[PDB]
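Okay, final_36.cif is below, mmCIF, C-alpha atoms:
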```cif
data_work
#
loop_
_atom_site.label_atom_id
_atom_site.label_comp_id
_atom_site.auth_asym_id
_atom_site.auth_seq_id
_atom_site.Cartn_x
_atom_site.Cartn_y
_atom_site.Cartn_z
CA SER F 1 -50.94 -76.60 136.57
CA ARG F 2 -48.06 -78.02 138.59
CA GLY F 3 -46.19 -81.21 137.83
CA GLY F 4 -44.46 -80.75 134.50
CA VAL F 5 -40.68 -80.72 134.26
CA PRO F 6 -39.75 -77.20 135.43
CA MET F 7 -37.26 -75.03 133.64
CA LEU F 8 -33.72 -74.97 134.99
CA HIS F 9 -33.52 -71.28 135.91
CA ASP F 10 -36.26 -70.39 138.38
CA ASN F 11 -35.82 -66.70 137.56
CA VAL F 12 -36.84 -67.35 133.95
CA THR F 13 -39.89 -69.29 135.11
CA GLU F 14 -40.88 -66.44 137.42
CA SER F 15 -40.53 -63.88 134.64
CA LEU F 16 -42.53 -66.12 132.30
CA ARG F 17 -45.29 -66.42 134.87
CA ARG F 18 -45.32 -62.64 135.25
CA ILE F 19 -45.55 -62.12 131.49
CA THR F 20 -48.17 -64.86 131.14
CA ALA F 21 -50.40 -63.62 133.95
CA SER F 22 -49.81 -60.44 132.02
CA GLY F 23 -52.10 -59.58 129.17
CA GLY F 24 -54.78 -61.75 130.69
CA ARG F 25 -57.36 -62.13 133.40
CA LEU F 26 -56.95 -65.38 135.29
CA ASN F 27 -53.76 -65.60 137.17
CA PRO F 28 -52.34 -67.52 140.08
CA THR F 29 -52.48 -65.19 143.04
CA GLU F 30 -49.24 -63.31 143.60
CA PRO F 31 -47.93 -65.11 146.75
CA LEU F 32 -48.10 -68.45 144.86
CA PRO F 33 -49.24 -70.54 147.85
CA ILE F 34 -47.67 -73.96 148.27
CA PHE F 35 -50.16 -76.68 149.22
CA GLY F 36 -53.07 -74.85 147.63
CA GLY F 37 -55.58 -74.99 144.83
CA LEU F 38 -54.05 -71.92 143.17
CA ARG F 39 -57.41 -70.23 142.85
CA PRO F 40 -57.42 -67.05 140.74
CA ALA F 41 -57.42 -63.73 142.56
CA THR F 42 -60.93 -63.93 143.93
CA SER F 43 -63.43 -62.03 141.86
CA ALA F 44 -65.20 -58.94 143.05
CA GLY F 45 -68.71 -58.25 141.70
CA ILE F 46 -69.61 -60.59 138.84
CA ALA F 47 -69.59 -60.26 135.27
CA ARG F 48 -72.22 -60.47 132.57
CA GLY F 49 -72.10 -64.19 132.25
CA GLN L 1 -82.50 -22.61 126.37
CA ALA L 2 -78.87 -23.06 126.20
CA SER L 3 -79.38 -26.64 125.23
CA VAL L 4 -75.94 -27.38 126.04
CA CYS L 5 -73.13 -29.75 126.77
CA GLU L 6 -71.55 -31.16 129.74
CA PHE L 7 -68.20 -32.55 128.73
CA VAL L 8 -66.88 -35.96 129.43
CA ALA L 9 -64.31 -37.57 127.17
CA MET L 10 -62.99 -40.94 126.32
CA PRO L 11 -59.35 -41.28 125.23
CA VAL L 12 -58.37 -43.38 122.86
CA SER L 13 -57.78 -46.56 121.03
CA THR L 14 -58.75 -50.10 119.86
CA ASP L 15 -60.33 -52.23 116.98
CA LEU L 16 -64.02 -52.36 116.04
CA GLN L 17 -66.86 -53.07 118.87
CA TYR L 18 -66.99 -50.52 122.29
CA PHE L 19 -67.93 -46.80 120.06
CA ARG L 20 -68.93 -49.60 116.99
CA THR L 21 -71.30 -51.93 119.55
CA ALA L 22 -72.23 -51.25 123.26
CA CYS L 23 -71.46 -48.21 125.36
CA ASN L 24 -71.70 -44.92 127.72
CA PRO L 25 -69.68 -41.96 129.54
CA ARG L 26 -67.57 -42.81 132.74
CA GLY L 27 -66.79 -46.40 132.41
CA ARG L 28 -67.88 -49.85 131.94
CA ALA L 29 -71.09 -51.83 131.61
CA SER L 30 -70.86 -52.61 135.22
CA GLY L 31 -72.59 -52.68 138.56
CA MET L 32 -71.30 -52.02 142.05
CA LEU L 33 -73.17 -54.98 143.52
CA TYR L 34 -76.18 -53.73 145.28
CA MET L 35 -77.35 -56.69 147.47
CA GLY L 36 -75.51 -59.96 147.21
CA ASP L 37 -72.17 -60.96 148.71
CA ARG L 38 -72.10 -57.85 151.01
CA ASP L 39 -72.18 -53.87 151.29
CA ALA L 40 -68.75 -52.66 152.65
CA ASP L 41 -66.80 -53.32 149.38
CA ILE L 42 -67.00 -50.15 147.06
CA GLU L 43 -63.08 -49.26 147.37
CA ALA L 44 -61.92 -52.62 145.14
CA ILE L 45 -65.67 -53.17 143.29
CA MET L 46 -66.02 -49.10 143.48
CA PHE L 47 -62.23 -47.80 144.40
CA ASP L 48 -58.88 -49.98 144.30
CA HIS L 49 -58.46 -53.29 142.19
CA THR L 50 -58.37 -57.23 141.94
CA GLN L 51 -59.64 -58.67 138.43
CA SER L 52 -60.81 -58.12 134.68
CA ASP L 53 -63.81 -56.01 133.27
CA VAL L 54 -67.28 -55.57 134.52
CA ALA L 55 -68.09 -55.31 130.90
CA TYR L 56 -65.35 -55.00 128.32
CA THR L 57 -62.55 -57.18 129.33
CA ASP L 58 -60.72 -57.15 126.01
CA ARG L 59 -58.43 -54.36 127.36
CA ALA L 60 -58.67 -52.69 131.12
CA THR L 61 -60.90 -49.32 131.58
CA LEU L 62 -62.21 -46.47 129.19
CA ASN L 63 -59.67 -43.65 128.55
CA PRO L 64 -56.01 -43.80 129.49
CA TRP L 65 -56.17 -41.26 132.35
CA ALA L 66 -59.01 -41.15 134.95
CA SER L 67 -60.30 -44.20 136.77
CA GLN L 68 -60.23 -43.71 140.68
CA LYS L 69 -60.81 -41.49 143.73
CA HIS L 70 -60.12 -37.69 143.92
CA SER L 71 -58.91 -36.57 140.34
CA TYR L 72 -59.21 -33.67 137.65
CA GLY L 73 -61.51 -33.64 134.60
CA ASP L 74 -64.21 -34.54 136.98
CA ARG L 75 -62.25 -32.10 139.38
CA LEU L 76 -64.75 -30.23 137.62
CA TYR L 77 -67.18 -32.15 139.82
CA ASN L 78 -67.04 -33.31 143.43
CA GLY L 79 -69.15 -31.62 146.14
CA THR L 80 -68.52 -31.22 149.88
CA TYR L 81 -66.32 -28.14 150.28
CA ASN L 82 -67.97 -25.38 148.15
CA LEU L 83 -69.31 -26.18 144.68
CA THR L 84 -72.57 -27.08 146.10
CA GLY L 85 -72.08 -23.80 147.97
CA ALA L 86 -71.11 -20.79 145.75
CA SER L 87 -72.29 -21.54 142.03
CA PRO L 88 -75.14 -24.07 142.31
CA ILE L 89 -75.01 -26.95 140.02
CA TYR L 90 -76.42 -30.02 138.98
CA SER L 91 -73.12 -30.34 137.62
CA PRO L 92 -72.74 -31.93 134.57
CA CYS L 93 -73.62 -34.91 136.65
CA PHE L 94 -74.66 -35.04 140.21
CA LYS L 95 -75.11 -38.67 140.37
CA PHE L 96 -72.33 -40.04 137.74
CA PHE L 97 -69.18 -40.42 140.32
CA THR L 98 -71.27 -39.57 143.98
CA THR K 1 -11.84 -30.79 135.87
CA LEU K 2 -13.60 -33.41 132.92
CA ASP K 3 -11.97 -37.05 132.61
CA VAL K 4 -11.58 -39.12 135.74
CA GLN K 5 -15.08 -37.83 135.37
CA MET K 6 -15.08 -41.15 133.74
CA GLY K 7 -13.66 -42.73 136.89
CA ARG K 8 -15.72 -41.68 140.12
CA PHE K 9 -19.55 -41.03 138.03
CA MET K 10 -19.90 -44.58 136.47
CA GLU K 11 -17.99 -46.83 139.17
CA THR K 12 -20.41 -45.61 141.77
CA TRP K 13 -22.84 -46.52 139.02
CA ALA K 14 -21.01 -49.75 139.99
CA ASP K 15 -23.29 -52.65 141.13
CA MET K 16 -26.74 -53.20 139.40
CA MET K 17 -30.21 -53.33 141.11
CA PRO K 18 -32.58 -56.36 140.70
CA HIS K 19 -35.39 -55.08 138.30
CA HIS K 20 -35.33 -51.68 136.52
CA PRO K 21 -38.84 -51.20 136.97
CA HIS K 22 -41.09 -48.37 136.07
CA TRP K 23 -39.71 -45.70 133.66
CA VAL K 24 -37.82 -46.49 130.48
CA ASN K 25 -40.05 -48.83 128.15
CA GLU K 26 -40.09 -48.38 124.43
CA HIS K 27 -41.18 -51.06 121.85
CA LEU K 28 -44.55 -52.89 121.08
CA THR K 29 -47.80 -51.92 119.34
CA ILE K 30 -51.16 -50.78 120.92
CA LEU K 31 -53.48 -52.58 123.28
CA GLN K 32 -50.50 -53.00 125.40
CA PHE K 33 -51.69 -49.93 126.49
CA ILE K 34 -54.13 -52.47 127.50
CA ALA K 35 -53.13 -55.46 129.83
CA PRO K 36 -50.04 -54.85 131.89
CA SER K 37 -47.23 -57.15 131.69
CA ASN K 38 -45.63 -53.96 132.36
CA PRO K 39 -45.70 -50.75 134.29
CA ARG K 40 -46.44 -47.26 132.76
CA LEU K 41 -49.65 -46.59 134.79
CA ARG K 42 -48.99 -45.91 138.44
CA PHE K 43 -46.82 -43.20 137.35
CA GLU K 44 -49.45 -42.57 134.63
CA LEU K 45 -53.11 -41.41 135.00
CA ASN K 46 -53.63 -37.88 133.55
CA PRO K 47 -50.44 -35.95 133.19
CA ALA K 48 -51.38 -32.38 134.68
CA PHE K 49 -51.01 -33.41 138.12
CA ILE O 1 -38.94 -66.64 125.68
CA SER O 2 -38.65 -65.72 122.01
CA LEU O 3 -42.34 -66.50 121.64
CA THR O 4 -42.98 -64.00 124.42
CA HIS O 5 -40.90 -61.39 122.60
CA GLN O 6 -42.48 -61.95 119.18
CA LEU O 7 -46.10 -62.45 120.27
CA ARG O 8 -45.89 -59.27 122.28
CA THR O 9 -44.08 -57.19 119.67
CA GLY O 10 -46.60 -57.77 116.89
CA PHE O 11 -44.65 -60.37 115.01
CA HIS O 12 -46.40 -63.42 113.57
CA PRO O 13 -44.43 -66.62 114.26
CA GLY O 14 -44.95 -69.40 111.77
CA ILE O 15 -47.82 -71.13 113.56
CA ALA O 16 -51.58 -70.71 113.81
CA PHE O 17 -54.11 -71.41 116.54
CA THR O 18 -57.63 -72.81 116.67
CA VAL O 19 -59.79 -71.60 119.56
CA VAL O 20 -62.50 -73.62 121.30
CA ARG O 21 -64.97 -72.18 123.79
CA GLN O 22 -67.86 -73.81 125.65
CA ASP O 23 -71.14 -71.98 126.21
CA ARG O 24 -74.41 -72.55 128.05
CA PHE O 25 -77.95 -71.53 127.12
CA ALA O 26 -81.16 -71.76 129.11
CA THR O 27 -83.88 -73.57 127.16
CA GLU O 28 -87.48 -74.49 127.83
CA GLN O 29 -88.28 -78.10 127.02
CA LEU O 30 -91.27 -79.96 125.63
CA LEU O 31 -92.24 -83.40 126.91
CA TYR O 32 -94.76 -85.97 125.72
CA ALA O 33 -95.71 -89.25 127.38
CA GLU O 34 -98.21 -92.01 126.66
CA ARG O 35 -100.82 -93.44 129.01
CA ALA O 36 -99.11 -96.34 130.78
CA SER O 37 -95.65 -94.83 130.81
CA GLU O 38 -94.92 -95.70 134.44
CA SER O 39 -96.29 -98.38 136.74
CA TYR O 40 -96.29 -96.54 140.02
CA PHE O 41 -96.42 -98.03 143.53
CA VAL O 42 -97.17 -96.16 146.76
CA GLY O 43 -96.25 -97.33 150.25
CA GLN O 44 -97.67 -96.45 153.66
CA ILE O 45 -96.62 -93.38 155.62
CA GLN O 46 -94.61 -93.68 158.83
CA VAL O 47 -93.54 -90.97 161.26
CA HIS O 48 -90.32 -90.36 163.18
CA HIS O 49 -90.61 -88.01 166.14
#
```

Would you mind writing the file out in structure tokens?
Amino acid sequence: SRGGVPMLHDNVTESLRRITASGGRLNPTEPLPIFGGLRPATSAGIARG
Amino acid sequence: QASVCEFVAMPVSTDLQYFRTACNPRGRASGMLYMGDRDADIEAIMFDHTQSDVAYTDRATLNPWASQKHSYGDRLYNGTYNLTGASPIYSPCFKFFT
Amino acid sequence: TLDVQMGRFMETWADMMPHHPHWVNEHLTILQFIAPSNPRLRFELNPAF
Amino acid sequence: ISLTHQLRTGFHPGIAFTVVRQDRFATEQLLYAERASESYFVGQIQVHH
């Protein structure tokens, strides 16, 4: 989601995004495209459900 | 008739459902995707990486040290150069990694 | 000879890189073996080779 | 940031979470209808070549 008041230090926000996309599956793709839908890194073969 | 093994192994650790619920020997309830989207992706659906687990995404693959191309404990296994040539084997498995 | 050992061995350890990246972690519990925030696996897959 | 540190390390900060998850199931239905349930009108066919 984009639109909230961002944090002052962009480096902290970047590290937070790295640690949040960490430990988890669904992550904004690494380049972080501007003017995009921020689709998760497109899935390979599918799942079990 | 030596009714005997053929070692795989599955290092180590978690809670209580993958050797307490589902599971098998070289790693994940899965499926390389047959006929579907297309058939020239089996290097990041069968060799490199993009997402979470074809079964158990609670944590990333089976045992901390063998999950790609040309490696050891299965260096016991692969089969162009000579070990379908000098000691003939169905070998523990000859279609588990092939 | 041993002291300005001090002087020419840390002050070329003078100006710091931008992320110290892939070997010196040390403190969390377990299934961070299992979803990387953090490196320890592409210099980590089996030790013997 | 401190939440990142604690939640990773194994610490339990003084809050608790409630999870919610939506699921789908395929079900076969069972329909009953009386005699004059629908008054049904039919037109006359016309063809576009």

Contacts between chain K and chain O, please, where a residue of chain O counts if it comes within 12 Å (with all atoms listed in the file); show its shortest atom pair and distance in Å to one decimal, rows by chain and ascending number, as a Markdown table.
```
| residue | atom | partner | partner_atom | distance |
| --- | --- | --- | --- | --- |
| O:4 | CA | K:37 | CA | 10.9 |
| O:5 | CA | K:28 | CA | 9.4 |
| O:6 | CA | K:28 | CA | 9.5 |
| O:7 | CA | K:28 | CA | 9.7 |
| O:8 | CA | K:28 | CA | 6.6 |
| O:9 | CA | K:28 | CA | 4.5 |
| O:10 | CA | K:29 | CA | 6.5 |
| O:11 | CA | K:28 | CA | 9.6 |
```

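Residue selection for this entry, given the PyMOL selection byres ((chain L and resi 66-72) around 10), comprises residues 10, 11, 26, 27, 43, 46, 47, 48, 49, 61, 62, 63, 64, 65, 73, 74, 75, 76, 77, 78 and 97 of chain L; 44, 45, 46, 48 and 49 of chain K.
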
Can you list what the PyMOL selection byres ((chain F and resi 14-23) around 9) grabs from this structure, as JSON, numbers by chain?
{"F": [9, 10, 11, 12, 13, 24, 25, 26, 27, 28], "L": [59], "K": [32, 34, 35, 36, 37, 38], "O": [1, 4]}

When the PyMOL selection byres ((chain F and resi 44) around 6) is applied to the structure above, which residues does it catch, written out as a list in words?
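Going through the file, the PyMOL selection byres ((chain F and resi 44) around 6) ends up selecting residues 43 and 45 of chain F; 45 of chain L.
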
Which distance in Å separates atom CA of residue K:40 and atom CA of residue L:23, to one decimal?
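Going from atom CA of residue K:40 over to atom CA of residue L:23, I get 26.1 Å.
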
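Considering the residues O:37, O:3, O:17, O:46 and counting all atoms listed in the file, chain F has its shortest atom-to-atom contact with O:3.
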
Find the residues near residue F:38: any atom within 10 Å, counting all atoms listed in the file, skip ones fewer than 4 places away on the same chain, and give them as a PyMOL selection string.
chain F and resi 1-2+27-34

Give me, please, the distance in Å between atom CA of residue L:30 and atom CA of residue L:17, quoted to one decimal.
16.8 Å

Wanna dump the chain L-chain F contacts at 7 Å for me, each residue with its shortest atom pair and the distance in Å to one decimal, counting all atoms listed in the file, ordered by chain and number, as a Markdown table?
```
| residue | atom | partner | partner_atom | distance |
| --- | --- | --- | --- | --- |
| L:32 | CA | F:45 | CA | 6.8 |
| L:33 | CA | F:45 | CA | 5.8 |
| L:45 | CA | F:44 | CA | 5.8 |
| L:50 | CA | F:41 | CA | 6.6 |
| L:51 | CA | F:43 | CA | 6.1 |
| L:52 | CA | F:25 | CA | 5.4 |
| L:54 | CA | F:47 | CA | 5.3 |
| L:55 | CA | F:47 | CA | 6.8 |
```
